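In what follows, a single structure is set out as structure tokens and then discussed.
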Amino acid sequence: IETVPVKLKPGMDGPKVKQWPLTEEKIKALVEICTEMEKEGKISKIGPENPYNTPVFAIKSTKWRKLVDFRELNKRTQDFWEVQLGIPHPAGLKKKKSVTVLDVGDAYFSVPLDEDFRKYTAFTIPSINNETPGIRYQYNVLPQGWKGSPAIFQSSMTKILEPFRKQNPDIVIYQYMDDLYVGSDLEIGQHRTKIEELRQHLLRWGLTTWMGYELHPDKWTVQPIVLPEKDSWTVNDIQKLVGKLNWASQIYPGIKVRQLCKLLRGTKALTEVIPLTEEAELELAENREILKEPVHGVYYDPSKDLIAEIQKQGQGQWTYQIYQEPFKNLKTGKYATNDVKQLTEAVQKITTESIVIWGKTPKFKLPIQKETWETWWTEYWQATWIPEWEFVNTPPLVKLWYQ
Amino acid sequence: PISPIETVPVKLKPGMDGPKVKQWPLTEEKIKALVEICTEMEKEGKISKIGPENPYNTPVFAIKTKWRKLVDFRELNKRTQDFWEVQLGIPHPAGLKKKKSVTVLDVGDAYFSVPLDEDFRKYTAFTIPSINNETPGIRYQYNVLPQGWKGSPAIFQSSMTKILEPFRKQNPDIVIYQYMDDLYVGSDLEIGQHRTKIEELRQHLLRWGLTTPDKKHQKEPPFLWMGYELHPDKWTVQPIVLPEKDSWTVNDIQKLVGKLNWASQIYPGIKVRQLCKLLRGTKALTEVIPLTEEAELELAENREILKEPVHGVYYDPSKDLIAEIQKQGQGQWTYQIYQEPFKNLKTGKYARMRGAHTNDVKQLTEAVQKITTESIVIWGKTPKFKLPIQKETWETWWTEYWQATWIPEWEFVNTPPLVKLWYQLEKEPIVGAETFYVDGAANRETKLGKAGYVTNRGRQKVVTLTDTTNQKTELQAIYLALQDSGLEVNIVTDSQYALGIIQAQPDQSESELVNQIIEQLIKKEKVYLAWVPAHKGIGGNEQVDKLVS
Ligand SMILES: CN(C)c1c(Oc2cc(Cl)cc(C#N)c2)cc(CC(=O)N2CCc3ccccc3C2)[nH]c1=O
């Protein structure tokens, strides 16, 4: 097994990303890991002649684990892992009854990496209080977290799975980075049995491998926009209901508002109860129906980037929306001990779903301070990938419009 | 010497070739001095003569009563590759563990004692010109890391690391810190055993071509390093003299703020806000700025703080960090970190306006966050916090707020001023309370604002603002509703902008208007705010839109 030549395109260099400060326990965890990986040949120390850097973190059980943030390198390697050696996404996976996610990142440590590409995989284990220059390394094998790793490895992946696929042609396996997504319509005992059998396949070839045991894609649905079914209606309640519907008309074809406006006639007290007209009730129930169904006119565009918006609804409740063009929702949903811990679980849930549905992860609009998130996200992060994120102020109206 | 260490391989920037810079004709004194300097260096192996074949050239200059060679590596620096940065940060004295003995060892001729990549040396060529460039100049190239070259700092540090690596592995008991030409060795060994351990280090360094200072020439503590003083069991910033001046120039105030910022590291309660406000606008560097009264008050209080010297303690890893924060003036915050009550490891302050409108609860979190990041950097862990806010106040805020805010272990400490929410918007419309439908509208071209309102109690009103944006009019509209109203009130607006601002419970803002609105909001007993879509034909909003248009 000799290396596959890898490229960057002509007009962009490697990643030069700052290493974020790490707690001592993570730094210690990281050096043990990195000592083993150097002994085992997977990485080599590097000198200052390598001007590239990619952040690394520690995550979890009680087993520590190394996570490398290749988001920049992935961004700059886009042509390679998407066009040259792309992995197509099966539209069937979302339809399956149960979908189990298996970690297959160990596979990539056996395949060597293009000698002329290894410099772009440089990372630093930093020092506490900058006592030392920090331990610099780079990969000799395919690194977990890079999108080129599975792109290269897929040929070897097909071989491993070929017998299982032949023997189970109504099960669909999908590589996304360090995970295989394995979906069947089988009953759960058989599904789990078939997973255990797939483990054994991978156990040969040397691979000892917000979410329950499995996902359940077919049971995913749009969280509809909640129109309250009130016994009595004040002017405020109508005003609330109108804004809801007004903004919903900008997403959904044929949301009507007319009737309810006429109820808000002149200049009333907000407190004031108001009798409900007939056509108002009509339009209201007609809108209700529209919001249950998916948005007519909106479709996934593979060229455009997915984007996820998340709102804190209080009481451990989080709403979210996926779309490509603003406020044209491909999917919306919900998630039920602390604010960052929840937000990170939410991001992971939403991302997993995005991968199952489109084979891409969304760029997140996170309702939080940049520094808070960056300090804490790794503490509860359990995923092998890291989605793109930016930091945003939640417009408090949109928080209300999604319950 | 020149270290045996294997060279670090160096490239130029992919699509570039090394410098072909014309050597300027130099003066005889300079031509003479260079040759003398080059001979002395050449015989130590630092440089080597080379043939006329090598096409690369860099200017050399001589400058004084020793003569010094100055090589202009500017073109080579553009053309030589980027390297990895030397350090992610600089250590803080507060983060240093306490040792029984520490010694400073500086490497002699650091860069010159380290070999350059054989394949790169050709690019370092320079020419000592003949008197009035009559004849071919003498041609040299570096075998070692040149002074002022882009890669010298990194490769040196890198080389030095590899050289220490064995000694570190053999001696985990000892602690070393690399900083430029210097090494700082520390241990808990009894003084006799330390000297020996230093000796075999100094030897180990010389085994690898690195000369260091004799025990008689080593510096003694305190160590004046990077603006700090490092004593046997305490540290502090180097002495701060606040200039006694009649007139203060911009320059003087900048040097003062800088000095105060530096001092705030260990001196608590240092303030700079009123001194900073003076620097606003842009004046001449030499322009005399009259000190305002509040500037004069801060300066005095700072002079009181500096009157007696204060020291920071070193870090003990088997104790907990504890961070305390105090409010001191709007926007301004001060913190102390310690492990044993009031034996401070370090001090600091936070006083930035993240955004336009904020409240003490929001700012305390930003302060805590800033301190948390700083602790992780310095000690690799976050402190237990001691905060001037009630759990119940915090509980109320974070739950109701839309952003995800979280902070680690903290306890309330009654150290007034105490952080509080100065008003609380109502969750429901207020029965038996006037409903003001406010609205604003600024004509884009004339900028003639028409802020006004209509109520369900019958009342109307329209003032006329001048040179205001639509944002101002919609906000002036709301100020009116608060002004002309009872202790209870319900305000309807079609401005999400204003809603957004006010739903955040700001108790502090840059805008004059917003602070006026805050004043009102504190004075009220109950306020409820609601939003509607503009121009959608709403009973109330359409009426206000009329008189506003
Ligand atoms: C070896 N090392 C990284 C280290 C120290 O060495 C340093 C570290 C730094 Cl960033 C700068 C300098 C200078 N210029 C010296 C100092 C202390 C503080 C300390 O323990 N001291 C301060 C100096 C000192 C001097 C003599 C006897 C005892 C002590 C005790 N603790 C340490 O671990």
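FYI, nothing fancy with the structure tokens labels: chains A, B, ... in order, residues from 1 per chain, ligands from 1 as they appear.
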Quick one: pick out all strand (DSSP E) residues within range 199-235 of chain B from a backbone DSSP run and write them as a ChimeraX atom specification. /B:223-225,228-231,234-235
Contacts to ligand 1 at 9 Å cut-off (only C-alpha atoms and all ligand atoms) as a VMD selection string: (chain A and resid 129 to 131) or (chain B and resid 90 to 104 174 to 179 182 to 187 220 to 226 228 to 235 314 to 315)
For residue 138 in chain B, work out the shell of residues within 12 Å, counting only C-alpha atoms and skipping chain neighbours fewer than 5 positions away, then give it as a ChimeraX atom specification. /B:23,31-32,34-36,38-39,42,47-52,57,60,125-131,133
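Going from CA of residue 290 in chain B over to CA of residue 515 in chain B, you cover 27.4 Å.
Closest approach to residue 428 in chain B from the set B:513, B:344, B:529, B:479 is made by B:529, with distances taken over only C-alpha atoms.
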Go through range 138-197 of chain A residue by residue and, counting only C-alpha atoms, keep those with an atom at most 10 Å from range 212-215 of chain A; for each kept residue give the shortest atom pair and its distance in Å to one decimal, ordered by chain and increasing number, as a Markdown table.
```
| residue | atom | partner | partner_atom | distance |
| --- | --- | --- | --- | --- |
| A:181 | CA | A:215 | CA | 9.7 |
| A:182 | CA | A:214 | CA | 9.4 |
| A:183 | CA | A:215 | CA | 8.8 |
| A:188 | CA | A:214 | CA | 9.2 |
| A:191 | CA | A:214 | CA | 9.6 |
| A:192 | CA | A:214 | CA | 9.0 |
```
Would you mind exporting the chosen residues as a JSON list (two decimals), in the first residue's frame, restricted to N, CA, C and O atoms?
```
[["chain", "number", "residue", "atom", "x", "y", "z"],
["A", 181, "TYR", "N", -22.30, 5.13, 8.42],
["A", 181, "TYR", "CA", -23.71, 5.22, 8.75],
["A", 181, "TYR", "C", -24.42, 4.02, 8.15],
["A", 181, "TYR", "O", -24.48, 3.88, 6.93],
["A", 182, "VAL", "N", -24.94, 3.16, 9.02],
["A", 182, "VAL", "CA", -25.46, 1.86, 8.64],
["A", 182, "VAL", "C", -26.96, 1.79, 8.92],
["A", 182, "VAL", "O", -27.37, 1.69, 10.08],
["A", 183, "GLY", "N", -27.76, 1.82, 7.86],
["A", 183, "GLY", "CA", -29.22, 1.89, 7.96],
["A", 183, "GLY", "C", -29.98, 0.69, 7.40],
["A", 183, "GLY", "O", -29.73, 0.25, 6.28],
["A", 188, "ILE", "N", -35.34, -4.15, 15.39],
["A", 188, "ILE", "CA", -34.18, -3.65, 16.13],
["A", 188, "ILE", "C", -33.21, -4.75, 16.60],
["A", 188, "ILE", "O", -32.00, -4.56, 16.59],
["A", 191, "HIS", "N", -31.53, -5.64, 13.44],
["A", 191, "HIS", "CA", -30.69, -4.51, 13.07],
["A", 191, "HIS", "C", -29.39, -4.56, 13.87],
["A", 191, "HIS", "O", -28.31, -4.48, 13.31],
["A", 192, "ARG", "N", -29.52, -4.71, 15.19],
["A", 192, "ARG", "CA", -28.36, -4.78, 16.07],
["A", 192, "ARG", "C", -27.50, -6.00, 15.80],
["A", 192, "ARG", "O", -26.27, -5.93, 15.86]]
```
Residues of chain B that approach chain A to 7 Å or less, counting only C-alpha atoms: could you list each one with the shortest pair of atoms and its distance in Å to one decimal, rows by chain and increasing residue number, as a Markdown table?
```
| residue | atom | partner | partner_atom | distance |
| --- | --- | --- | --- | --- |
| B:8 | CA | A:49 | CA | 6.9 |
| B:9 | CA | A:49 | CA | 6.8 |
| B:10 | CA | A:49 | CA | 6.4 |
| B:82 | CA | A:51 | CA | 5.9 |
| B:83 | CA | A:51 | CA | 4.5 |
| B:84 | CA | A:51 | CA | 4.2 |
| B:87 | CA | A:133 | CA | 5.7 |
| B:88 | CA | A:130 | CA | 6.9 |
| B:89 | CA | A:130 | CA | 5.8 |
| B:90 | CA | A:130 | CA | 5.8 |
| B:91 | CA | A:129 | CA | 4.8 |
| B:92 | CA | A:129 | CA | 6.5 |
| B:95 | CA | A:129 | CA | 6.0 |
| B:154 | CA | A:48 | CA | 6.1 |
| B:155 | CA | A:48 | CA | 6.4 |
| B:158 | CA | A:47 | CA | 6.5 |
| B:177 | CA | A:131 | CA | 5.8 |
| B:369 | CA | A:372 | CA | 6.3 |
| B:373 | CA | A:375 | CA | 6.9 |
| B:376 | CA | A:23 | CA | 5.8 |
| B:377 | CA | A:129 | CA | 5.6 |
| B:378 | CA | A:129 | CA | 4.3 |
| B:379 | CA | A:128 | CA | 6.3 |
| B:380 | CA | A:23 | CA | 4.2 |
| B:381 | CA | A:23 | CA | 5.4 |
| B:399 | CA | A:314 | CA | 5.9 |
| B:400 | CA | A:314 | CA | 6.7 |
| B:402 | CA | A:312 | CA | 5.4 |
| B:403 | CA | A:367 | CA | 5.0 |
| B:404 | CA | A:368 | CA | 5.1 |
| B:405 | CA | A:339 | CA | 6.3 |
| B:406 | CA | A:339 | CA | 6.0 |
| B:429 | CA | A:271 | CA | 5.8 |
| B:430 | CA | A:271 | CA | 6.6 |
| B:431 | CA | A:271 | CA | 5.5 |
| B:435 | CA | A:269 | CA | 5.6 |
| B:455 | CA | A:267 | CA | 6.5 |
| B:456 | CA | A:268 | CA | 5.1 |
| B:500 | CA | A:396 | CA | 6.5 |
| B:532 | CA | A:243 | CA | 6.0 |
| B:533 | CA | A:243 | CA | 6.0 |
| B:537 | CA | A:261 | CA | 6.2 |
| B:538 | CA | A:264 | CA | 5.6 |
| B:539 | CA | A:266 | CA | 4.0 |
| B:540 | CA | A:267 | CA | 4.0 |
```
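If you count only C-alpha atoms and ignore residues fewer than 3 places along the chain from range 32-40 of chain A, what sits within 9 Å of it is residues 27, 28, 29, 43, 44, 45, 64, 65, 66 and 137 of chain A.
Every protein, DNA or RNA residue with an atom at most 12 Å from residue 186 in chain A, where only C-alpha atoms count and chain neighbours fewer than 3 positions away do not, is listed here: residues 96, 97, 98, 99, 168, 170, 171, 172, 182, 183, 189, 190, 191, 192, 193, 194, 195 and 216 of chain A.
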Residue 335 in chain A: which residues within 8 Å, counting only C-alpha atoms, same-chain residues fewer than 4 positions away excluded, as a ChimeraX atom specification? /A:210,316-319,346
Would you write out, as JSON lines, a table of all residues in range 137-182 of chain B that have an atom no more than 12 Å from an atom of range 192-212 of chain B, listing for each the closest atom pair and the distance in Å to one decimal, considering only C-alpha atoms and ordering rows by chain and rising residue number?
```
{"residue": "B:156", "atom": "CA", "partner": "B:210", "partner_atom": "CA", "distance": 11.1}
{"residue": "B:159", "atom": "CA", "partner": "B:208", "partner_atom": "CA", "distance": 10.0}
{"residue": "B:160", "atom": "CA", "partner": "B:205", "partner_atom": "CA", "distance": 9.0}
{"residue": "B:161", "atom": "CA", "partner": "B:205", "partner_atom": "CA", "distance": 11.2}
{"residue": "B:162", "atom": "CA", "partner": "B:208", "partner_atom": "CA", "distance": 10.3}
{"residue": "B:163", "atom": "CA", "partner": "B:208", "partner_atom": "CA", "distance": 7.0}
{"residue": "B:164", "atom": "CA", "partner": "B:205", "partner_atom": "CA", "distance": 8.0}
{"residue": "B:165", "atom": "CA", "partner": "B:204", "partner_atom": "CA", "distance": 11.1}
{"residue": "B:166", "atom": "CA", "partner": "B:204", "partner_atom": "CA", "distance": 9.5}
{"residue": "B:167", "atom": "CA", "partner": "B:201", "partner_atom": "CA", "distance": 7.4}
{"residue": "B:168", "atom": "CA", "partner": "B:201", "partner_atom": "CA", "distance": 9.9}
{"residue": "B:170", "atom": "CA", "partner": "B:201", "partner_atom": "CA", "distance": 10.9}
{"residue": "B:171", "atom": "CA", "partner": "B:197", "partner_atom": "CA", "distance": 9.0}
{"residue": "B:172", "atom": "CA", "partner": "B:197", "partner_atom": "CA", "distance": 11.9}
{"residue": "B:173", "atom": "CA", "partner": "B:197", "partner_atom": "CA", "distance": 10.3}
{"residue": "B:174", "atom": "CA", "partner": "B:197", "partner_atom": "CA", "distance": 8.5}
{"residue": "B:175", "atom": "CA", "partner": "B:198", "partner_atom": "CA", "distance": 11.1}
{"residue": "B:176", "atom": "CA", "partner": "B:201", "partner_atom": "CA", "distance": 10.6}
{"residue": "B:181", "atom": "CA", "partner": "B:212", "partner_atom": "CA", "distance": 9.9}
{"residue": "B:182", "atom": "CA", "partner": "B:212", "partner_atom": "CA", "distance": 9.4}
```
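Across the model, the gap from CA of residue 334 in chain A to CA of residue 223 in chain A is 6.9 Å.
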Just the residues within 8 Å of residue 527 in chain B, please, counting only C-alpha atoms, with nothing from its chain fewer than 5 positions along; format it as a PyMOL selection string. chain B and resi 424-426+430+488-491+521
Output for the residues just chosen: C-alpha atoms as a PDB file, in the first residue's frame:
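What ended up in part16.pdb:
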```pdb
ATOM      1  CA  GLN B 424     -37.707  43.738  34.942  1.00  0.00           C
ATOM      2  CA  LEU B 425     -40.006  43.914  31.905  1.00  0.00           C
ATOM      3  CA  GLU B 426     -43.364  42.226  32.406  1.00  0.00           C
ATOM      4  CA  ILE B 430     -50.906  44.928  32.092  1.00  0.00           C
ATOM      5  CA  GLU B 488     -47.724  51.009  34.633  1.00  0.00           C
ATOM      6  CA  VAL B 489     -47.628  50.979  30.793  1.00  0.00           C
ATOM      7  CA  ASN B 490     -47.876  48.777  27.702  1.00  0.00           C
ATOM      8  CA  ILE B 491     -45.928  49.824  24.621  1.00  0.00           C
ATOM      9  CA  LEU B 521     -37.667  52.103  32.832  1.00  0.00           C
TER      10      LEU B 521
END
```
Please return as a PyMOL selection string: the residues of range 153-251 of chain B that backbone DSSP assigns to alpha helix (DSSP H). chain B and resi 153-170+191-207+250-251
Same residues, N, CA and C atoms, saved as an mmCIF file, in the first residue's frame:
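Done, and the output landed in again_30.cif:
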```
data_model
loop_
_atom_site.group_PDB
_atom_site.id
_atom_site.type_symbol
_atom_site.label_atom_id
_atom_site.label_comp_id
_atom_site.auth_asym_id
_atom_site.auth_seq_id
_atom_site.Cartn_x
_atom_site.Cartn_y
_atom_site.Cartn_z
ATOM 1 N N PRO B 153 15.671 33.208 14.712
ATOM 2 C CA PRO B 153 14.976 33.014 15.988
ATOM 3 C C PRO B 153 14.346 31.629 16.153
ATOM 4 N N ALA B 154 13.657 31.154 15.115
ATOM 5 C CA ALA B 154 12.951 29.870 15.170
ATOM 6 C C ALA B 154 13.913 28.685 15.208
ATOM 7 N N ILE B 155 14.844 28.655 14.259
ATOM 8 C CA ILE B 155 15.801 27.554 14.152
ATOM 9 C C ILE B 155 16.663 27.452 15.408
ATOM 10 N N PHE B 156 17.100 28.596 15.935
ATOM 11 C CA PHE B 156 17.829 28.602 17.195
ATOM 12 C C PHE B 156 17.020 27.949 18.303
ATOM 13 N N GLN B 157 15.809 28.452 18.504
ATOM 14 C CA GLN B 157 14.930 27.925 19.530
ATOM 15 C C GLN B 157 14.758 26.437 19.313
ATOM 16 N N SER B 158 14.505 26.055 18.065
ATOM 17 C CA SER B 158 14.324 24.651 17.695
ATOM 18 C C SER B 158 15.559 23.811 17.985
ATOM 19 N N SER B 159 16.720 24.325 17.590
ATOM 20 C CA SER B 159 17.981 23.642 17.842
ATOM 21 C C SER B 159 18.153 23.438 19.342
ATOM 22 N N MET B 160 18.105 24.539 20.087
ATOM 23 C CA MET B 160 18.203 24.524 21.548
ATOM 24 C C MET B 160 17.260 23.506 22.195
ATOM 25 N N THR B 161 16.058 23.365 21.649
ATOM 26 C CA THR B 161 15.093 22.420 22.198
ATOM 27 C C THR B 161 15.626 21.002 22.066
ATOM 28 N N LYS B 162 16.048 20.636 20.859
ATOM 29 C CA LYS B 162 16.608 19.304 20.602
ATOM 30 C C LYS B 162 17.814 19.011 21.500
ATOM 31 N N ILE B 163 18.633 20.027 21.736
ATOM 32 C CA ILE B 163 19.808 19.907 22.595
ATOM 33 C C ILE B 163 19.450 19.664 24.069
ATOM 34 N N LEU B 164 18.379 20.296 24.542
ATOM 35 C CA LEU B 164 17.928 20.114 25.922
ATOM 36 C C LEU B 164 17.151 18.813 26.097
ATOM 37 N N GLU B 165 16.418 18.417 25.057
ATOM 38 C CA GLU B 165 15.570 17.220 25.087
ATOM 39 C C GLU B 165 16.161 16.034 25.862
ATOM 40 N N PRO B 166 17.416 15.638 25.560
ATOM 41 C CA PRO B 166 18.030 14.561 26.344
ATOM 42 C C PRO B 166 18.182 14.900 27.827
ATOM 43 N N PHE B 167 18.705 16.087 28.114
ATOM 44 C CA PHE B 167 18.936 16.522 29.489
ATOM 45 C C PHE B 167 17.630 16.562 30.282
ATOM 46 N N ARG B 168 16.566 17.059 29.644
ATOM 47 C CA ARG B 168 15.228 17.078 30.244
ATOM 48 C C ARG B 168 14.772 15.667 30.584
ATOM 49 N N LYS B 169 14.896 14.757 29.621
ATOM 50 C CA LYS B 169 14.510 13.361 29.832
ATOM 51 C C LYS B 169 15.318 12.722 30.961
ATOM 52 N N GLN B 170 16.614 13.013 31.003
ATOM 53 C CA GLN B 170 17.484 12.493 32.054
ATOM 54 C C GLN B 170 17.229 13.165 33.403
ATOM 55 N N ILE B 191 21.145 23.718 47.589
ATOM 56 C CA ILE B 191 21.997 24.586 46.771
ATOM 57 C C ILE B 191 23.245 23.891 46.208
ATOM 58 N N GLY B 192 23.883 23.039 47.011
ATOM 59 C CA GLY B 192 25.069 22.303 46.569
ATOM 60 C C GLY B 192 24.802 21.410 45.369
ATOM 61 N N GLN B 193 23.710 20.652 45.433
ATOM 62 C CA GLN B 193 23.330 19.725 44.360
ATOM 63 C C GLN B 193 22.861 20.443 43.092
ATOM 64 N N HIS B 194 22.376 21.674 43.248
ATOM 65 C CA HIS B 194 21.918 22.488 42.120
ATOM 66 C C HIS B 194 23.108 22.904 41.261
ATOM 67 N N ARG B 195 24.118 23.471 41.916
ATOM 68 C CA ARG B 195 25.349 23.924 41.262
ATOM 69 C C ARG B 195 25.969 22.833 40.390
ATOM 70 N N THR B 196 25.948 21.602 40.893
ATOM 71 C CA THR B 196 26.437 20.444 40.149
ATOM 72 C C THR B 196 25.576 20.166 38.925
ATOM 73 N N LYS B 197 24.262 20.187 39.135
ATOM 74 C CA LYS B 197 23.290 19.925 38.076
ATOM 75 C C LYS B 197 23.389 20.990 36.985
ATOM 76 N N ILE B 198 23.613 22.233 37.404
ATOM 77 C CA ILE B 198 23.885 23.332 36.483
ATOM 78 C C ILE B 198 25.184 23.067 35.730
ATOM 79 N N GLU B 199 26.215 22.642 36.459
ATOM 80 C CA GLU B 199 27.525 22.334 35.868
ATOM 81 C C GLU B 199 27.460 21.319 34.739
ATOM 82 N N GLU B 200 26.757 20.214 34.962
ATOM 83 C CA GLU B 200 26.628 19.183 33.929
ATOM 84 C C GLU B 200 25.669 19.588 32.803
ATOM 85 N N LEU B 201 24.832 20.590 33.064
ATOM 86 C CA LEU B 201 24.058 21.235 32.009
ATOM 87 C C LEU B 201 24.986 22.108 31.167
ATOM 88 N N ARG B 202 25.693 23.027 31.825
ATOM 89 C CA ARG B 202 26.667 23.894 31.152
ATOM 90 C C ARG B 202 27.624 23.068 30.292
ATOM 91 N N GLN B 203 28.052 21.929 30.829
ATOM 92 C CA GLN B 203 28.850 20.973 30.069
ATOM 93 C C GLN B 203 28.053 20.424 28.898
ATOM 94 N N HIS B 204 26.856 19.918 29.187
ATOM 95 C CA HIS B 204 25.999 19.357 28.144
ATOM 96 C C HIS B 204 25.745 20.370 27.028
ATOM 97 N N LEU B 205 25.635 21.640 27.402
ATOM 98 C CA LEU B 205 25.511 22.714 26.424
ATOM 99 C C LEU B 205 26.788 22.866 25.608
ATOM 100 N N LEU B 206 27.939 22.827 26.275
ATOM 101 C CA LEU B 206 29.214 22.971 25.571
ATOM 102 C C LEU B 206 29.502 21.753 24.695
ATOM 103 N N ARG B 207 29.087 20.568 25.144
ATOM 104 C CA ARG B 207 29.171 19.366 24.308
ATOM 105 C C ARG B 207 28.467 19.575 22.963
ATOM 106 N N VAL B 250 -0.395 64.307 24.826
ATOM 107 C CA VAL B 250 -0.972 63.019 24.423
ATOM 108 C C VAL B 250 0.007 61.884 24.715
ATOM 109 N N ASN B 251 1.255 62.088 24.300
ATOM 110 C CA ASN B 251 2.351 61.153 24.554
ATOM 111 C C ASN B 251 2.516 60.794 26.035
#
```
